[PDB]
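This report refers to the structure that appears directly beneath it.
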Amino acid sequence: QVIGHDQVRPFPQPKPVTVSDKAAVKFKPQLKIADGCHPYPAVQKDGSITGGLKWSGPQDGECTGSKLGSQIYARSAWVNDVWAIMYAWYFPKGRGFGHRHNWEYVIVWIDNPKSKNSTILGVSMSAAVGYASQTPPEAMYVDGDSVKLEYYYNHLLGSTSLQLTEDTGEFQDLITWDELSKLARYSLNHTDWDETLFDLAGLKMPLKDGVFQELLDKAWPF
Ligand SMILES: [Mg+2]
């Protein structure tokens with residue numbers, strides 16, 4: 001069930017059909033890698049999951065990107081009359097000393113996914129302190145409908161985190177929660193990504209059942 005990180009095959013990004021999928025594609029964020037790994041696929045169609053990378057401090061030529069591509073994930077829901085799109089990225093390891101595996105996320109809060117004029121009302125993310133929310137995001141941080149984020153090491157908090165940025169970032173093929181295979185969805189609901197005995201690394205998969213809704217309520221920026 002566990003396969004090499006550099007061998008996990010991403011899902012292709014389908015042409016979106018459902019209202020939920022169309023909105024998730026429309027508002028796909030972009031990601032600039034300032035520090036650490038590029039994002040990787042965590043799971044493939046048959047449910048096999050990535051083995052990630054052991055933490056081994058500074059290393060040249062590890063996790064710069066899979067030969068098979070990359071991935072970004074999204075799950076969406078109505079929260080207090082606002083449509084929340086939570087995007088998540090997986091990385092094979094993460095600093096802050098560090099750990100195998102990593103997850104980061106950005107929530108794009110929009111008014112109405114069904115509207116041709118759907119609009120970003122807010123953004124929240126896995127920031128170094130709190131969720132670094134903006135309601136709405138400043139224009140300098142948004143490229144069209146795409147929020148610009150940076151994956152970085154915050155050296156004051158000692159955390160691997162996301163922040164908004166003016167700089168252009170990279171896009172990844174999007175697979176939405178509803179369009180995952182049953183097997184892949186099971187693996188993401190059920191895998192423990194934290195190797196510590198007492199779960200101290202904060203490595204819950206942010207889109208999974210019983211984390212997803214709770215995170216949306218915690219991050220609520222309005
Ligand atoms: Mg982090």
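Values for this structure:
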{"quantity": "Of all residues making up region 32-54, the number that are surrounded by fewer than 18 Cβ atoms within 10 Å (Cβ to Cβ) and either over 20 Å from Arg185 (Cβ atoms) or acidic (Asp, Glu) (or both)", "calculated": "7"}
{"quantity": "Test: residue in region 195-204 that is touching a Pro at 6+ places or on another chain (Cβ under 6 Å), within 15 Å of the ligand (Cβ to nearest atom) and closer than 26 Å to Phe11 by Cα", "calculated": "no"}
{"quantity": "For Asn154: the one exception among (1) buried (at least 23 other Cβ atoms within 10 Å of the Cβ); (2) within 16 Å of the ligand (Cβ to nearest atom); (3) under 26 Å from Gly65 (Cβ atoms); (4) of a type outside the set (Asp, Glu)", "calculated": "(1)"}
{"quantity": "Which listed residue is within 13 Å of the ligand (Cβ to nearest atom), surrounded by 14 or more Cβ atoms within 10 Å (Cβ to Cβ) and either closer than 30 Å to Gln7 by Cα or within 16 Å of the chain's Cα centre (by Cα) (or both), from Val106, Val123", "calculated": "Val106"}
{"quantity": "Strands (runs of 3 or more DSSP E) fully within region 144-222 counting 3 or more residues that are closer than 24 Å to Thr18 by Cβ", "calculated": "174-176"}
{"quantity": "Residue list for region 126-151, filter: under 15 Å from the mean Cα position of the chain (by Cα) and away from the ligand (no atom under 16 Å from the Cβ)", "calculated": "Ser146, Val147, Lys148"}
{"quantity": "Tabulated pairs, region 193-207, first within 17 Å of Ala42 (Cα to Cα), second of a type in the set (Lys, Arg), C-beta under 6 angstrom, 6+ apart or interchain", "calculated": "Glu195/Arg100; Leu207/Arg75"}
{"quantity": "Qualifying residue in region 77-88 (condition: of a type in the set (S, T, N, Q) and either surrounded by 22 or more Cβ atoms within 10 Å (Cβ to Cβ) or in contact with a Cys (Cβ under 9 Å, 6 or more places away or on another chain) (or both))", "calculated": "no"}
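Read the figures in this text as sums done on the coordinates, not as results from a lab. As a convention, Cβ positions derive from the backbone with ideal geometry for all residues, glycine included, and neighbour counts pool all protein chains shown.
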